[PDB]
Amino acid sequence: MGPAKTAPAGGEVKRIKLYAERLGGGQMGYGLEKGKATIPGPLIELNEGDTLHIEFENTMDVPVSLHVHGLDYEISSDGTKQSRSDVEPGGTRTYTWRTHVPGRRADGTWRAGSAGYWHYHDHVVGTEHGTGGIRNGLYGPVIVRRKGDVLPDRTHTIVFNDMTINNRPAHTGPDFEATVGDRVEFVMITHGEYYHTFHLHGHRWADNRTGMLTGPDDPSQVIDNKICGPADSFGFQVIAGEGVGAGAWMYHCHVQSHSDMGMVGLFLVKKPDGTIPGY
Amino acid sequence: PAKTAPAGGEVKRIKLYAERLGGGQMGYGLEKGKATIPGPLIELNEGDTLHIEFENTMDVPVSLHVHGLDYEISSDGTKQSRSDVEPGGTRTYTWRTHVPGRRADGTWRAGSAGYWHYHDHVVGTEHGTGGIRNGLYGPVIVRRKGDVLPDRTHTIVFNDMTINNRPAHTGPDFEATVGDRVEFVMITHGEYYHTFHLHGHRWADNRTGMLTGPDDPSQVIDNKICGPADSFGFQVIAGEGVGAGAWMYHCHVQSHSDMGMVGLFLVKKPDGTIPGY
Amino acid sequence: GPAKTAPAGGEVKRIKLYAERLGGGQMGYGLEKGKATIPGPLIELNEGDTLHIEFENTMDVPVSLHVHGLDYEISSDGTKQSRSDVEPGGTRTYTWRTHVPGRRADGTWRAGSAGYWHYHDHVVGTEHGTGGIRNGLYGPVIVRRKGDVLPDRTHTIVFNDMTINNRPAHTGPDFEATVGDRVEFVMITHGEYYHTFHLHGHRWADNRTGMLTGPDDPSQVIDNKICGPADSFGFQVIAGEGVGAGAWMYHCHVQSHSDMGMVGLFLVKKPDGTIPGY
Ligand SMILES: [Cu+2]
Ligand SMILES: [Cu+2]
Ligand SMILES: [Cu+2]
Ligand SMILES: [Cu+2]
Ligand SMILES: [Cu+2]
Ligand SMILES: [Cu+2]
Ligand SMILES: [Cu+2]
Ligand SMILES: [Cu+2]
Ligand SMILES: [Cu+2]
Ligand SMILES: [Cu+2]
Ligand SMILES: [Cu+2]
Ligand SMILES: [Cu+2]
């Protein structure tokens, strides 16, 4: 275990493509290429100061939109019908997201930077709030890193969408694998009608911007359990198995009927030899 | 720039009336026939004392209960403490506030500063379920010396399934000009949890809703879960980095969105116009 | 006089714990047979302490001990999948450890174990402990950091589904203090529902200790807090500070919940023992 890799300064202009596609069984998803849509959608990362142009195409037969949390966008990128920012069937649009660093305002106040654990999702499918689109799966993680932020080995996204994790059948996970000592990042997003409490066995994080204590000064409560509600996003990083060891470490919503009905997954933490004790 | 709050400590006095409004609604007001939902904004600087000369203008008992401020049990505003007000009655409710400081035990005593609220504790039940439903609630802000002052303050209450007891899809909308420093007080009441969301803007989840400086670890959010009696606030620079537009705020619980808990933060260009609206 | 503070930890400690049936379908944890309570006994450790829990299952159904926030190996997870439950009549030793904060090799700052936590059954009735938790097997755990301020008294309030501590509606509990006492509350939530915890006449910081660290701590100061199953938090107040003696209500603020009896009293006495208006 050596010194942490950290995020560099941003400010570069970046470009991707995104498609909205019908998937099997009435689901809909975002993808970086036609035929490539996933639920959750592709993870988008940026460094504070980066600009992102998303060349967007709706391949479906209903209007769809891309709406993002926390980042800078003009009203023309709001991704709503009210702002005439949605996309007709077979149409395209360029959505532009911007980000900025923190800094002293001319009025003496300190302007918060864009950095955080955020998300994007449809605002027009089935209702003008994207209720149907979100149900069907159009949602995905966005991470904006501040310069100096600690980088993980792997990032995993867990979305509680109504009664499902990542729109999966009950009791299907997903499961994520790590090796003891790995620095693992989780993005935790909630959607739909219901409140949840996210819980992770054998690990804990700080309730704050990065999910990690900035040092001894940081008062933030340290927690393994966090209540969340539709459109909430937070994130954190743990050292897999730290002080605990290898094992199949459950994560799950802690609402009792929710865990019983199956919103449950495994953080599978292997010994260096690839074996998991007691699993 | 950035006007700030002065040091507190004055003794202050206001009149407050509970009154019936249209259709089974009830509200607090600063003058008879002037009641509003939400009630009048009460602002204090830490150390201030507030004497409230309270008159119940209605035909049923009512009370005034406040969160976070200093009050003796006789100002609790409950039946249980015999602090409520009979129909037609008057009472003086007293709220006090204090600054932070070191205690004799060595700990750090938190001051009164923050985003708080008041509301009835006796109407319809001994928890004020009927009164709160009917609209007796209002915002209270206590400022610490040095706190940044806004240009305008707006109160948004999620009360059960309504915003400020309005009919669905009625707003309210609030207007601003790009660059204005705008304060929001966000209160929740009733039966249900909600998630408050504002397009195009973000705030720090902390006492003032703003980062204190480069060392403040607080998560920066546009979406916040809230339950009955939850109280928070923040300030934004209107349109900062995003420009003008009709910027939606709304509950993010999907059916609540769909059922009309929605409003607009209307941010005008200097010329008074809103793009896309 | 200066507050008492928590000492450095690092001792190896040991206790016995029993799971046992109580009246009317209730189940509880206890320090001695016949002694089970709901909530179960308070367990208090200093960071670095190790705790060996010598556990006996007194009941006819398998039961388990699962804990939040503390370090434990998978063999102390307390779940069926890890084969850490305890057969009826059986015994097992569960081991919880704790650690202090400090720098990692990678240069980051490792969070310590300190906090307000809880333990409960993971096993009875479903493999999430739904029956067990409903029956009352849950309890508070506090892990203190060296230097943390210590109270005169600690009280545990658990919102479990629609009850406070599995008590009948409108039964409290009520807690007594004298004006000026330093009183600690551990607030835990279990079951199916979100709640909001509210305390009249007092307030705390929403943060690790429930108290502001000093003039630079940004944490919101609150009298009202939303919580959901398995959330835990705690705080300490000076009873009656700036307010005075009185019967100070606490309750869930969801209106139907308070109307239906999730309510209790923080009874703050004058030094002579009397409470005004009560
Ligand atoms: Cu929206
Ligand atoms: Cu859930
Ligand atoms: Cu657990
Ligand atoms: Cu959203
Ligand atoms: Cu109350
Ligand atoms: Cu809502
Ligand atoms: Cu949004
Ligand atoms: Cu209240
Ligand atoms: Cu579990
Ligand atoms: Cu409740
Ligand atoms: Cu209250
Ligand atoms: Cu648990």
# chains A, B, ... in the order shown; residues from 1 in each chain; ligands from 1

call {"tool": "residues_around", "arguments": {"residues": "residue B:12", "least_positions_apart": "2", "cutoff": "8 Å", "atoms": "only C-alpha atoms", "output": "number ranges by chain"}}
result
B: 10, 14, 48-51

call {"tool": "residues_around", "arguments": {"residues": "residue C:271", "least_positions_apart": "3", "cutoff": "10 Å", "atoms": "only C-alpha atoms", "output": "number ranges by chain"}}
result
C: 177-180, 245, 268, 274-275

call {"tool": "write_last_selection", "arguments": {"atoms": "N, CA and C atoms", "output": "PDB file, in the first residue's frame"}}
result
ATOM      1  N   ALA C 177     -34.234  14.150  35.363  1.00  0.00           N
ATOM      2  CA  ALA C 177     -32.968  14.782  35.647  1.00  0.00           C
ATOM      3  C   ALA C 177     -33.209  15.992  36.528  1.00  0.00           C
ATOM      4  N   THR C 178     -32.122  16.641  36.918  1.00  0.00           N
ATOM      5  CA  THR C 178     -32.180  17.884  37.660  1.00  0.00           C
ATOM      6  C   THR C 178     -31.556  18.944  36.779  1.00  0.00           C
ATOM      7  N   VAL C 179     -32.087  20.154  36.839  1.00  0.00           N
ATOM      8  CA  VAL C 179     -31.572  21.239  36.037  1.00  0.00           C
ATOM      9  C   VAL C 179     -30.063  21.285  36.201  1.00  0.00           C
ATOM     10  N   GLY C 180     -29.348  21.391  35.088  1.00  0.00           N
ATOM     11  CA  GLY C 180     -27.903  21.414  35.139  1.00  0.00           C
ATOM     12  C   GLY C 180     -27.228  20.072  34.932  1.00  0.00           C
ATOM     13  N   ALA C 245     -36.522  24.209  34.661  1.00  0.00           N
ATOM     14  CA  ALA C 245     -37.160  22.959  35.016  1.00  0.00           C
ATOM     15  C   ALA C 245     -38.467  22.870  34.260  1.00  0.00           C
ATOM     16  N   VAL C 268     -37.406  17.423  34.045  1.00  0.00           N
ATOM     17  CA  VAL C 268     -36.257  18.138  34.568  1.00  0.00           C
ATOM     18  C   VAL C 268     -36.648  18.838  35.857  1.00  0.00           C
ATOM     19  N   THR C 274     -38.978  19.547  42.599  1.00  0.00           N
ATOM     20  CA  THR C 274     -40.273  19.871  42.002  1.00  0.00           C
ATOM     21  C   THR C 274     -40.223  20.245  40.510  1.00  0.00           C
ATOM     22  N   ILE C 275     -41.267  19.857  39.786  1.00  0.00           N
ATOM     23  CA  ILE C 275     -41.406  20.231  38.393  1.00  0.00           C
ATOM     24  C   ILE C 275     -42.560  21.207  38.196  1.00  0.00           C
TER      25      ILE C 275
END

call {"tool": "closest_residue", "arguments": {"among": "B:257, B:78, B:206, B:45", "to": "chain C", "atoms": "only C-alpha atoms"}}
result
B:206

call {"tool": "residues_near_ligand", "arguments": {"ligand": "ligand 8", "cutoff": "10 Å", "atoms": "only C-alpha atoms and all ligand atoms", "output": "PyMOL selection string"}}
result
(chain B and resi 64-68+116-121+127-128+132+137+188-189+228-231) or (chain C and resi 198-200+223-224+251-255)

call {"tool": "residues_near_ligand", "arguments": {"ligand": "ligand 10", "cutoff": "8 Å", "atoms": "only C-alpha atoms and all ligand atoms", "output": "ChimeraX atom specification"}}
result
/C:159,161-162,193-197,251-254,256-258,262

call {"tool": "closest_residue", "arguments": {"among": "A:251, A:194, A:236, A:205", "to": "chain B", "atoms": "only C-alpha atoms"}}
result
A:194

call {"tool": "residues_around", "arguments": {"residues": "residue A:162", "least_positions_apart": "4", "cutoff": "7 Å", "atoms": "only C-alpha atoms", "output": "PyMOL selection string"}}
result
chain A and resi 191-194

call {"tool": "closest_residue", "arguments": {"among": "C:78, C:70, C:261, C:114", "to": "residue C:169", "atoms": "only C-alpha atoms"}}
result
C:261

call {"tool": "residues_near_ligand", "arguments": {"ligand": "ligand 9", "cutoff": "7 Å", "atoms": "only C-alpha atoms and all ligand atoms", "output": "list in words"}}
result
residues 201, 250, 251 and 252 of chain A; 122 and 128 of chain C

call {"tool": "write_last_selection", "arguments": {"atoms": "C-alpha atoms", "output": "short mmCIF file (atom, residue, chain, number, x, y, z; two decimals), in the first residue's frame"}}
result
data_model
loop_
_atom_site.label_atom_id
_atom_site.label_comp_id
_atom_site.auth_asym_id
_atom_site.auth_seq_id
_atom_site.Cartn_x
_atom_site.Cartn_y
_atom_site.Cartn_z
CA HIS A 201 -21.68 -4.70 6.82
CA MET A 250 -23.71 -7.74 2.89
CA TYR A 251 -25.03 -4.43 1.84
CA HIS A 252 -28.79 -3.92 1.80
CA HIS C 122 -30.06 -10.71 12.34
CA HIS C 128 -32.74 -10.11 8.33
#

call {"tool": "interface_residues", "arguments": {"of": "chain A", "to": "chain B", "cutoff": "6 Å", "atoms": "only C-alpha atoms", "output": "count of residues only"}}
result
16

call {"tool": "interface_residues", "arguments": {"of": "chain C", "to": "chain B", "cutoff": "7 Å", "atoms": "only C-alpha atoms", "output": "PyMOL selection string"}}
result
chain C and resi 1-3+196+201-203+212-214+218-226+242-244+246+253-256+258-259+277

call {"tool": "closest_atom_pairs", "arguments": {"of": "chain C", "to": "chain A", "cutoff": "6 Å", "atoms": "only C-alpha atoms", "output": "tab-separated table"}}
result
residue	atom	partner	partner_atom	distance
C:69	CA	A:224	CA	5.9
C:71	CA	A:244	CA	5.8
C:72	CA	A:244	CA	5.5
C:73	CA	A:244	CA	4.8
C:74	CA	A:247	CA	5.8
C:82	CA	A:278	CA	5.5
C:106	CA	A:3	CA	3.8
C:107	CA	A:3	CA	5.8
C:109	CA	A:215	CA	5.4
C:191	CA	A:256	CA	5.5
C:192	CA	A:255	CA	5.3
C:207	CA	A:221	CA	4.8
C:208	CA	A:221	CA	3.8
C:228	CA	A:227	CA	5.9
C:229	CA	A:255	CA	5.5
C:231	CA	A:225	CA	5.8

call {"tool": "atom_distance", "arguments": {"atom1": "atom CA of residue B:182", "atom2": "atom CA of residue B:52"}}
result
27.6 Å
